[PDB]
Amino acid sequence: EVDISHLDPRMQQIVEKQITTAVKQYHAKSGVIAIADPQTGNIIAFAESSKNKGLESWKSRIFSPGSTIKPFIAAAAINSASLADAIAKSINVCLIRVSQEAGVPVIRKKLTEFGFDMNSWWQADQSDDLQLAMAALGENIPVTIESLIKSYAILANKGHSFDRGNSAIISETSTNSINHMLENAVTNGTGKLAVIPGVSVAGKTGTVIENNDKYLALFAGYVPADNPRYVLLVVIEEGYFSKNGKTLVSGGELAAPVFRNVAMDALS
């Protein structure tokens, strides 16, 4: 379960109002928002709202990160129709190719260093390329809200990992590129609804299909991009919103605007 000691009452109240409103507005099964401090990775706010009973809390719930893994795949490849475009538009085939060309040792080691479990959901006699494909899709990787936001905290912390005595996980060059890609993913990609005029926002959308037709809509990011103050992760479960005929269900459509509202509140 998520650590609850470093909580900030001002941040907590913000996310409490926002997630509860979003879950109702999206007719969602559940939803969660977490905020973390870029310097330490500590959770400073965590709130969830669920419409019905029996749900496991997002404090402990295990899920797949989906395309929110993509920045780390790119980071690993860079550190060892452009890549920036593929991150911005979230192009699966391209990131998969990037992962497969980087190779199993590079991807498994570097993603492990980012705080990802590259061991649990991994088969010994399964094709390396198939599993690198799954990695790029964030399909064979168990995360929690806590572990995922801590991984993003590393990127917000200039590619340094607090938990490893502030060691550089990726180079400065790599960090600059990745941050640029995440800013571009927001201003000119699937994360467009997270745009805040005058404030650079870095973030990545995700949309995960669970069993049958169960959607997780995700958005992970940090703000301001140039000198992060907050790391945020928003996850909506089985939410949807109708704009005329369109039924919107994706991370960019659901989770990103929620990220935006919390971010604007946090920056006062």
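Residue positions are given as counts along the sequence shown, with the first one as 1.
S.K.: How many residues that are in the deposited sequence but not in the model lie between residue 173 and residue 174: none, 1 to 3, 4 to 9, or 10 or more?
M.R.: According to the record, the chain runs unbroken from residue 173 to residue 174.
S.K.: Between 122 to 130 and 109 to 117, which has the larger average Cα B-factor in the PDB entry?
M.R.: Between 122 to 130 and 109 to 117, it is 122 to 130.
S.K.: Looking at the deposited entry, does 197 to 205 or 65 to 73 carry the larger mean Cα B-factor?
M.R.: Of 65 to 73 and 197 to 205, the stretch with the higher C-alpha B-factor average is 197 to 205.
S.K.: Of the options 190, 161, 147, 184, which has the highest CA B factor as deposited?
M.R.: Reading the PDB entry, the winner on C-alpha B-factor is 161.
S.K.: Pick out which of 151, 99, 179, 82 has the highest C-alpha B-factor in the PDB entry.
M.R.: That would be 82.
S.K.: When the modelled residues of the chain are sorted by Cα temperature factor, does residue 252 land in the lowest, middle or highest third?
M.R.: CA B-factor rank for residue 252: middle third.
S.K.: Lowest, middle or highest third: which one holds residue 157 when the chain's residues are ordered by CA B-factor from the entry?
M.R.: Middle third of the chain for residue 157's C-alpha B-factor.
S.K.: According to the PDB entry, is the CA B factor of residue 246 in the bottom, middle or top third of its chain, that is, lowest, middle or highest?
M.R.: As the PDB entry reports it, the C-alpha B-factor of residue 246 lands in the highest third of its chain.
S.K.: Determine, from the deposited record, the chain-internal third of the Cα B-factor for residue 224: lowest, middle or highest.
M.R.: For residue 224, whose C-alpha B-factor we compare with every modelled residue in the chain, the answer is the middle third.
S.K.: Quick check on the deposited entry: does the C-alpha B-factor of residue 260 sit in the lowest, middle or highest third of its chain?
M.R.: Bottom third by C-alpha B-factor.
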